[PDB]
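Encoded as structure tokens, the following chain is the form solved without the named molecule, with no partner shown.
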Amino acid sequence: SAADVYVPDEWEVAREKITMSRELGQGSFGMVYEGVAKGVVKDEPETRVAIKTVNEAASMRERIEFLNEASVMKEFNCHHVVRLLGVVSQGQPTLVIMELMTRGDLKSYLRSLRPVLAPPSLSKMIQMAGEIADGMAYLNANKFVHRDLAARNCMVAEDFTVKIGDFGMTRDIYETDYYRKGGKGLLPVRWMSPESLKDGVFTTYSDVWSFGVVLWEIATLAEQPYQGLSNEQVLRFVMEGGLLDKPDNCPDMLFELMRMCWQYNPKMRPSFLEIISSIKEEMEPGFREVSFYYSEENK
């Protein structure tokens, strides 16, 4: 296996080029912040950024697995995936400078719409659907599965664009979205595919499955899936072929999309590129300019 060390490369940023403006809420490894960082964007003066830290009471090991996780993202460069701008390995605390997403996670954003004004339009939904499908399609292309795709792990950018959220950001308040299946590890059973539940495997296919539960979230303004059913009852229901009900006033198209995402046989569900294909005529023109879908890279 790989060692528990971190070799500083060209992502290393001089701490003196950073400033903390305020807290945003504790995260997996510690307090996350909002601030500014010089020399992070090319030809750009300053940049508003998110700064993830690691508690002082953390093991060098946890601290090492923090930079390792952030490094996986050193490879990504997709408009619909919250980007890593830099790293600060030298000193204390250990930082990770990310792209700032002023509007937070999609689940919070969505539920905040519950409380003249009308709910999200199909056009706006297709937008989020396509934008999310784009990030996942990009990641899967790079041979990467999410294992935890959900509204809570999607970010809403300043201009409302949705991107695949980076690691260690899930809000502590959604703790309920997890369950210790078989008294073992914490799993997001309400977003998991029938096969992942039964065989413990996660593939590109189980991501499309989750994608579908997310399309559901977007439409039900983020209702807990299988609300009536308890965690243990969900495992039976889903594994036996039970689906989620078409939410009220849910456009035919979206539930139609959902239905396909939930084909019991994983190979029968569409891949992320196909999902985009069936909804590309609904996507805004800019998507043509920033998406991985129309990008060179798609081969």
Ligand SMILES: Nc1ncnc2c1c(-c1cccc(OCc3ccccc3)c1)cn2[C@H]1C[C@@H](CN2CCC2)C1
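By rigid core we mean the largest C-alpha set that fits within 1.5 Å across both forms. Residue numbers run from 1 along the displayed sequence.
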Is it true that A118 has no coordinates in a third or more of the other entries in the comparison?
yes
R152 dropped in a third or more of the other entries:
no
Could you tell me how many residues of the deposited sequence sit unmodelled between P115 and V116 (none, 1 to 3, 4 to 9, 10 or more)?
4 to 9
As stated in the PDB record, which stretch has the larger average Cα B-factor, 124 to 132 or 223 to 231?
223 to 231
For 257 to 265 versus 40 to 48, entry-based mean Cα B-factors point to 40 to 48
I'd like to know which of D199, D148, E217, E75 has the highest C-alpha temperature factor in the PDB entry.
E75
Selection from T102, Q92, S206, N153 [criterion: highest C-alpha temperature factor in the record]
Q92
Based on the deposited C-alpha B factors for this chain, I'd like to know if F66 is in the lowest, middle or highest third.
highest
Can you tell me whether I18 has a C-alpha B-factor in the lowest, middle or highest third compared with the other modelled residues of the same chain?
lowest
Hey, what third does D248 fall into on Cα B-factor, ranked over its chain?
highest
Against its chain's modelled residues, does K163's Cα B factor rank lowest, middle or highest third?
lowest
Place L106 in the lowest, middle or highest third of its chain's C-alpha B-factors, as listed in the PDB entry.
lowest
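What comes next is about the form deposited with the named molecule bound, which is not displayed.
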Clash verdict for the named molecule in the deposited complex, overlaid onto the shown chain (3 or more atoms within 2.4 angstroms of backbone or C-beta):
blocked
Which of 254 to 262, 268 to 276, 241 to 249, 50 to 58 sits within 4.5 Å of the named molecule in the deposited complex, heavy atom basis:
50 to 58
Have a look at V32, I64, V234, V40 for me and say which one sits with a heavy atom within 4.5 Å of the named molecule in the deposited complex.
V32
Let me know the one among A222, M155, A137, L215 whose heavy atoms come within 4.5 Å of the named molecule in the deposited complex, would you?
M155
Looking at the named molecule in the deposited complex, do all three of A133, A141 and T203 come within 4.5 Å of it through at least one heavy atom?
no
So in the deposited complex, is the named molecule close enough to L24 to count as touching (4.5 Å, heavy atoms)?
yes
is_contact(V208, the named molecule) in the deposited complex, heavy atom dist at most 4.5 Å
no
Might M73 be said to contact the named molecule in the deposited complex, defining contact as any heavy atom within 4.5 Å?
yes
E195, heavy atom within 4.5 angstroms of the named molecule in the deposited complex
no
Rigid core aligned, does the Cα position of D172 differ by 2 Å or more between the shown form and the other one?
yes
Once the two forms are fit on the core, has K181 moved its CA by at least 2 Å between the shown form and the other one?
yes
Hey, does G27 budge by 2 Å or more at the Cα between the shown form and the other one once the core is superposed?
yes
Your call: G182 and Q224 CA atoms, closer or farther in the deposited complex versus the shown structure, by 3 Å or more?
farther
Sense of CA distance change between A129 and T170 in the deposited complex, threshold 3 Å
farther
